[PDB]
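Let me begin by presenting the structure, written as structure tokens, before commenting on it.
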Amino acid sequence: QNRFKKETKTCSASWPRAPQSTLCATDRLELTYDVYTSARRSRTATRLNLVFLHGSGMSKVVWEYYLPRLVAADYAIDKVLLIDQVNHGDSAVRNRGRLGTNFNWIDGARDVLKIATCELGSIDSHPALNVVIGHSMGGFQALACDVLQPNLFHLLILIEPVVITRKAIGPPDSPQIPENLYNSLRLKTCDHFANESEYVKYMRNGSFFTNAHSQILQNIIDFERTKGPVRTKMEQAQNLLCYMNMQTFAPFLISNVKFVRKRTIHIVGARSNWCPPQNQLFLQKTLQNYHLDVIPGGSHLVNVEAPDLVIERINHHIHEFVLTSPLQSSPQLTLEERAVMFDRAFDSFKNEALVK
Amino acid sequence: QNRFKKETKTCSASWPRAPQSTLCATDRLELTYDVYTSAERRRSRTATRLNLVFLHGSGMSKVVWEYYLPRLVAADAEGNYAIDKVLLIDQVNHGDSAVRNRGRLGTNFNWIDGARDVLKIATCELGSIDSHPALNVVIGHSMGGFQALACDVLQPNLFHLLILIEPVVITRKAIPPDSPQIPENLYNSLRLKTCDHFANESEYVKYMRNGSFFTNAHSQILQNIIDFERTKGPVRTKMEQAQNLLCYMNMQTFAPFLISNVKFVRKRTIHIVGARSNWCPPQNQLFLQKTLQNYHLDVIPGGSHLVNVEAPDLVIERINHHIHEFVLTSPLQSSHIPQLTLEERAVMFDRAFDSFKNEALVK
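Protein sequences appear in the order of chains A and B. Quick note, the first sequence lines up with residues 3 to 41, 45 to 79, 84 to 179, 186 to 242, 251 to 353, 356 to 381 if you use UniProt numbering. Quick note, the second sequence lines up with residues 3 to 43, 45 to 178, 186 to 242, 251 to 381 if you use UniProt numbering.
Shown next as structure tokens:
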């Protein structure tokens, strides 16, 4: 990858959090993320900033393949942030010993805002258009980010977002998972192995990633490896914990999607059965500014199995977005100049607001 | 005031914000606040720290709470608690924050933005491992009552008890559907009672005592206001008139979001109101009553909408009463920092996961 400078940074996680997010109340979690910075730029040229949020049980690495193939300068990509949630990837490894049983996806959205807010907040970034792309869990979190902070992201891209789930066949918001789904998730989320041969053999034949793009599958295998026996960065308990708690935070988001006014792209795999039909029909009737793309042939993991197709769509919508987008100011003003501007701003506002 | 150590701190405001919060997009706002810290950590090992956060109403400042400090809940012999921190905050366009921010404020002051400011400060001030075990209380008046509720919505794991004094949430529709609107009648009379410059000292004190909103405040609080707002011959106040009026012109751009989310505020919420208040309509109070799961109403006999500055003694008795009942019913309260090894932690976790698995499994 020769297009961006890569820097890996680490900071403290958002606080406070859900009860039992951590093993002890005095513990404090951390987040690790990768910042890709652009390496021409005119005065009046919009900076695009992209934030990619991985799905349940994966990591920031699944998006590495995307970096060389994202939208060509026509505007120009200035930053890309690839984030690992507290209990996935490198954040999982920092946080070893400290995670509890209660991983709340909205807490995770607060993490994303904390990083994004700081990384994209420099006077230097202006004028900026910010884009959030999320898969599965990450799709949910993209929406939650806007709800909690509706002035950061201009465009949302949801790839197989998980928001409304199937109710199992037998307090009203208690955590629940069906035994059948638990037992099979367990079979496909193993995390320790007698040796390297067995590790690679499982990843290629028993994991969730067996049909991933070989480049992405190879990226996963080398990223998760840790040390003879081999242990993955993703911990099995945490992986399973990503599916056992929806009832404790999904209603809050479900109730607030009607306030997400942003252009929202919903990319789905034609062959996905992962969420029920209610999930997609809900996002369709509730988001004011909605567009659906169906990737022919695609599964729920369409983002790692057919990335070329997904990239083409990301590039298409970023590109159409940037065009329709207003300008774009790109001002040494004295206190006296400012007081004059303000009085004038106030008067115009007064005339719009006054009801005679 | 001899009970706490006073420190005045200043930090950058939450970002991003609503469009036109600032005069220019490259501008950045700041907040000033006062932290009062307890001077006697006495404190036993197992003694709950009480942290209070006070949010002023529209057009006022952090100063209106200074009279409260010496009269707040006494450390309790049997009960086992004590006030550790009190935070008095000035919103970006009030008081000392107004003065820092001179030249940068725009026309769009959005109350939820203000709640994001409060979380930013509170989060950082109350986040020390030192503060544990802590019970945190948010008290707000008018605009601040709205913001207390917004703080919980945006971050439901910080405040344990909410106290709302004359919260402004639902307002009267005047005679796009979410455009800013204010009725000319209300504007013209707000204007007459929010003046901010004066020929001289005599004229300044004369208006504050006879034409401002504060003419019936407790004399101590009225004096505190006068001395705090004074800035310099002609006399200009810290509170700017345009910003004052701007606090009443924008509700429709953010009220709906909070209205729709009060159903998620599970915390014990105290709603204190003035028996004589006509400021909000009936729908405002009846809405909070049907929607907050855990609700208690106190009516202060004789009280107006500014019941917090006009009859503070009565309001303080109620604050002290609810904090006191709250702390009793409250669970314990671990208190020790626990030297645990990675290996001890992996054992604790596997056990935690197993209990959670059994609760969550549906056979």
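Using N, Cα and C, we set each Cβ at its ideal position, and we do this for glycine too.
### Query
Considering only residues of the same chain and omitting the five flanking positions on each side of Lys8 (chain A), which have a CB-CB separation below 7 Å?
Excluding residues within five positions, the ones whose Cβ falls inside 7 Å are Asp36, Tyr38.
### Task
Report the neighbours of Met267 (chain A) on chain B: residues whose CB is nearer than 8 Å to its CB, in chain order.
When 8 Å is used as the limit between beta carbons, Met267 (chain A) is near these residues of chain B: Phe374, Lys375, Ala378, in chain order.
### Task
Quick one: list the residues of chain B neighbouring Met146 (chain A), beta-carbon separation under 8 Å, in chain order.
Near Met146 (chain A) there are no residues of chain B at all, since even the closest Cβ is about 17 Å away, more than 8 Å.
### Query
chain A beta carbons: is any one of them nearer than 9 Å to that of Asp79 (chain B)?
No, because no Cβ of chain A sits closer than 9 Å to the Cβ of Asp79 (chain B).
### Query
Any C-beta of chain A sitting closer than 9 Å to the C-beta of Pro186 (chain B)?
No, no contact with chain A.
### Task
Excluding the 5 residues preceding and the 5 following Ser295 (chain A) in the sequence, name in chain order all residues of the same chain whose CB lies nearer than 8 Å to its CB.
Answer for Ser295 (chain A): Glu169, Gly321, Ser322, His323, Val325, listed in chain order.
### Task
Would you kindly work out how many angstroms separate the C-alpha atoms of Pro319 (chain A) and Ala293 (chain A), rounded to a whole number?
Computed Cα separation, rounded: 5 Å.
### Task
For the alpha helix (DSSP H) containing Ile132 (chain A), list its first residue and its last residue.
Here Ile132 (chain A) belongs to no alpha helix (DSSP H), and DSSP marks it neither H nor E.
#### Entry: Closest by C-alpha distance to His144 (chain A), when choosing among A:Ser352, A:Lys308, A:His289
Distances from the alpha-carbon of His144 (chain A) to those of A:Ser352, A:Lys308, A:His289 put A:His289 closest.
### Task
Please confirm whether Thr126 (chain A) and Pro18 (chain B) have their CB atoms less than 9 Å apart.
Taking C-beta atoms as the reference points, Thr126 (chain A) and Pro18 (chain B) count as a pair closer than 9 Å.
### Query
Does the Cβ-Cβ distance between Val95 (chain B) and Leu31 (chain B) come in under 9 Å?
Cβ distance < 9 Å, so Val95 (chain B) and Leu31 (chain B) count as in contact.
### Query
For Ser40 (chain A), which three-state DSSP category applies?
The three-state secondary structure of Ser40 (chain A), taken from DSSP, is strand.
### Task
For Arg286 (chain B), collect the residues of the same chain with a Cβ closer than 6 Å to its Cβ; drop the 5 residues on either side in sequence, then sort them by chain order.
Its chain contains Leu164, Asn312 as the residues whose beta carbon lies nearer than 6 Å to that of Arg286 (chain B), once the 5 sequence neighbours on both sides are disregarded; these appear in chain order.
### Task
Over the uninterrupted beta strand (DSSP E) stretch that includes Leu53 (chain A), give me the two end residues.
Residues 52 to 58.
### Query
Which residues in the same chain as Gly62 (chain B) place their Cβ atom closer than 8 Å to its Cβ, once the five residues preceding and following it in sequence are excluded?
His97, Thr204, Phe223, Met257, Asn262, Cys265, listed in sequence order.
### Query
With which residues is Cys13 (chain A) paired in a DSSP beta bridge?
Partner(s): A:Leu33.
### Query
Does the distance from the CB of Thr10 (chain A) to the CB of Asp99 (chain A) come in under 9 Å?
A distance below 9 Å separates the beta carbons of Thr10 (chain A) and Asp99 (chain A).
### Secondary structure of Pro170 (chain B), DSSP reduced to three states
Three-state result, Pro170 (chain B): coil.
### Task
Measure the alpha-carbon distance for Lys216 (chain B) versus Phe208 (chain B) and round it to whole angstroms.
Straight across, the Cα-Cα distance linking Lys216 (chain B) with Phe208 (chain B) is about 10 Å.
### Query
Can you list the residues of chain B that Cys205 (chain A) reaches, using a CB-CB cut of under 9 Å?
Among the residues of chain B, none has a CB under 9 Å from the CB of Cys205 (chain A); the nearest is roughly 16 Å distant.
### Task
Kindly identify the DSSP beta-bridge partner or partners of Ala118 (chain B).
Per the DSSP secondary-structure output, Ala118 (chain B) pairs with nothing in a beta bridge.
### Query
How would you label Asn195 (chain B), buried or exposed, when you count the other beta carbons within 10 angstroms and need 16 or more for buried?
Answer is exposed; the Cβ neighbour count stays below 16.
### Task
Can you have a look at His59 (chain B) and say buried or exposed, based on whether 16 or more other CB atoms are within 10 angstroms of its CB?
Buried, since its Cβ has 16 or more Cβ neighbours within 10 Å.
### Partner residues on chain A for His135 (chain B), Cβ-Cβ distance less than 7 Å
Near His135 (chain B) (Cβ distances below 7 Å), the residues of chain A are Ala27, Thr28.
#### Entry: 9 Å Cβ cutoff met for residue 451 (chain B) and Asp331 (chain B)
The displayed coordinates of chain B run from 3 to 381. Any statement about residue 451 (chain B) would go beyond what the structure contains.
### Message
Applying the 10 Å Cβ sphere with the 16-neighbour rule, what's the burial state of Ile355 (chain B)?
### Response
Here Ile355 (chain B) is exposed, its C-beta having fewer than 16 other C-beta atoms within 10 Å.
### Proximity test, Cβ basis, 9 Å: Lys381 (chain A) and chain B
Interface flag for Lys381 (chain A) against chain B is set, since a Cβ pair is found closer than 9 Å.
### Query
On the premise that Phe149 (chain A) lies in contact with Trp114 (chain A), defined as a C-beta separation below 8 Å, what is that separation, rounded to the nearest angstrom?
The C-beta distance from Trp114 (chain A) to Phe149 (chain A) rounds to 5 Å, short enough to meet the 8 Å contact threshold.
### Query
From the DSSP output, which residues share a beta bridge with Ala85 (chain B)?
In DSSP, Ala85 (chain B) forms a bridge with B:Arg52.
### Query
Nearest to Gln22 (chain B) by alpha carbon, out of B:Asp316, B:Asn268, B:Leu346?
Checked all of B:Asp316, B:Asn268, B:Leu346; the closest Cα to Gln22 (chain B) is B:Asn268.
### Task
Just the chain B side, please: which residues come within less than 8 Å of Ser352 (chain A) by C-beta, in chain order?
Simply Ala27.
### Query
Along the chain, where does the beta strand (DSSP E) that runs through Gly292 (chain A) open and close?
Taken as a continuous stretch (DSSP letters only), the beta strand (DSSP E) holding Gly292 (chain A) covers 286 to 292.
### Query
Does any residue of chain B bring its CB to less than 9 Å from the CB of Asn262 (chain A)?
No, its Cβ sits nowhere closer than 9 Å to a Cβ of chain B.
### Message
Just to make sure I have the definition right: I need the residues of chain A whose C-beta is within less than 8 Å of the C-beta of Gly143 (chain B). Which are they?
### Response
Chain A residues near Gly143 (chain B): none, gap ~19 Å exceeds 8 Å.
#### Entry: alpha helix (DSSP H) segment containing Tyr217 (chain A), residue limits
It spans 211 to 220 - the alpha helix (DSSP H) in which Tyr217 (chain A) sits, taken as one unbroken run.
### Close beta carbons around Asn226 (chain A), own chain, < 6 Å, minus the five adjacent residues each side
Closer than 6 Å at the Cβ level, and outside the excluded window around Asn226 (chain A), lie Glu328.
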